[PDB]
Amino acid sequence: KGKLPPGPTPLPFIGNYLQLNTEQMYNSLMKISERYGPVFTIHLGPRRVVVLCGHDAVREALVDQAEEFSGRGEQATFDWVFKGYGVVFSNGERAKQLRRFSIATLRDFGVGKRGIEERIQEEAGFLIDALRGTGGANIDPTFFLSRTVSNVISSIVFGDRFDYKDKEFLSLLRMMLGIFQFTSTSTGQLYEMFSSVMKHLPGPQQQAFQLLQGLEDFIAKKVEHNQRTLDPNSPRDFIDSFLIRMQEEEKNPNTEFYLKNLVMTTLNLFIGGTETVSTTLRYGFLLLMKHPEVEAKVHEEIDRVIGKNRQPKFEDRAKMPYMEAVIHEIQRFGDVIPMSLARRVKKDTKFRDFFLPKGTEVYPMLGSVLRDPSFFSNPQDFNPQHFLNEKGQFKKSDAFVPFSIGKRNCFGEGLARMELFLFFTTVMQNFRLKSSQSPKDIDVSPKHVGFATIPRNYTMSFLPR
């Protein structure tokens, strides 16, 4: 054919706005795919975007033509602060250099190794102490979980953890929660279409911008402290490593290693390394309270494999198929980043006999893959059996793509999975979950869905086992 994928005809500037509901973008786009097919073009305001729905379309593009679909598209709210700098919301040689350096440096600091496993175990112990500190009282788990998650990546990028009583630490966590909520609301999705105008108007978007600025300013302050105390022969953390590479590159006019990329890359890892794991844990405990039979089976396996005295270790997962299946089902059901981070085609591309001109933005609808009816028998239900065969052994799925796939896939995936396993296991080993309502009345449908999937606010209690 040689034409862009079919789609509803757009109007000048507003694009397909009148055929979308900003409060429910995913549903709006899926409604349209019913009429046009799994691969279709939509106009988010002036942004022309090819939407990919279901497993086959997403994998054929992001993996079978991995290089062609390896550009990074926009996320207007985050782009407001990043401006194309840093490792996530960037492209070309910049993204390439920063990703290579970030992955290597994360490994140097223990990611994927015993060093970060010990760090996570230690922080998990501090979370158990905090939960015991509640005395079994009903509490909002939100910041108990995010403080613990954030301290892992914070130890790597800043060199040490934050005290749980640190007010400024709580402030930063509130900024992250607030920005993820904003991008998941109707105004946040309206902003993705009309940022050209909205960035200049009063409204919730200015408050989101100030939370991003608060975070950037905190990182800039940390980088400054590190600079005036730097030992080039003994780096303390990610920031020092990057500062050293910046010194070595000082005579290269075209280097990507300079201050703005240091601040933006560190900001990416601090926010990226905190919020999505935190949201996943929060959604996981809510699902476990909705499904007591699953919490019971989790407890049987933990008690049998690990017992009640020692701390869970990452190698325990190999002996724990039920917990592995439960964590996968929490990520599958939770669908925390439902439309991934947008990609962009690097060059003119032929895809399924459609034509995608260079620069065209792409929305890999991960949630549509996590719920693809060809891969999960009851995609709308929370059921760990989706990841187990008949003998209760763990069964992988090609449609398990919460970290996306391809050339710009999540490189925090290893750290995230180690955290999820160790925090869910260590919490469940030590506590049984007590809801403020009967399982039948617990609502696990999301509070907001846009850039992220945010669970409804709730309280619960952790009772020692």
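Residues carry their position along the shown sequence, with the first being 1.
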| query | finding |
| --- | --- |
| Per the entry, higher mean C-alpha B factor between 438 to 446 and 18 to 26 | 438 to 446 |
| 58 to 66 set against 416 to 424, stretch whose average Cα temperature factor tops the other in the entry | 58 to 66 |
| From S340, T279, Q393, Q75, residue of greatest CA B-factor | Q393 |
| C-alpha B-factor winner, where the candidates are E329, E250, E117, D335 | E250 |
| Where the record places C410 (Cα B-factor, split into thirds across the chain) | lowest |
| CA B-factor ranking of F162, expressed as a third of its chain | middle |
| Third of the chain's Cα B-factor distribution that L173 belongs to, per the entry | lowest |
| Chain-relative CA temperature factor third for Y36 | highest |
| Entry-reported Cα temperature factor of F376, expressed as the chain third it lands in | highest |
